[PDB]
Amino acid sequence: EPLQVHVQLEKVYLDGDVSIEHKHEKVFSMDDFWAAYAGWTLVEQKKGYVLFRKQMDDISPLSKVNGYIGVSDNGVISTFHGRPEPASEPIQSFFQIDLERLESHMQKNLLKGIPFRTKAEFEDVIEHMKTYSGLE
């Protein structure tokens, strides 16, 4: 005689991308349900519905095929889907950097847009860029 539960799963990745997934579940054991989702955070619960969020220790799948780091705004490091144009849409913005301080080649790479396809590459580039943040 089970409880029917619409489950939504929000995955938040290291690049700032978010994905949303739906499930329909039948709950016989409440405690078994909660246990399947123990690593997730509860955003909302109603009768018949739960939305959970989880920070994934990874970049998103779409970022792995489309993922760039660029500069926007006033020298703000951003992740982008597809190479940046300045009417392009940052997935997430992170910090300002001083572009005057970047070595010429590195400046060009960033201004064109730097591809990442893995978690390692993502946080390599961010760490590199983080050197150039701070007050002048």
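Residue numbers here begin at 1 and follow the sequence given.
- As recorded in the PDB entry, 84-92 is the stretch of 106-114 and 84-92 with the greater mean C-alpha temperature factor.
- Remark: stretch with higher mean C-alpha B factor among 116-124 and 5-13 is 116-124.
- The entry assigns its greatest Cα B factor, within the set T79, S60, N66, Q45, to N66.
- Per the deposited record, the Cα B-factor of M56 falls in the middle third when ranked against the other modelled residues of its chain.
- Per-chain ranking of the deposited C-alpha B factor places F33 in the middle third.
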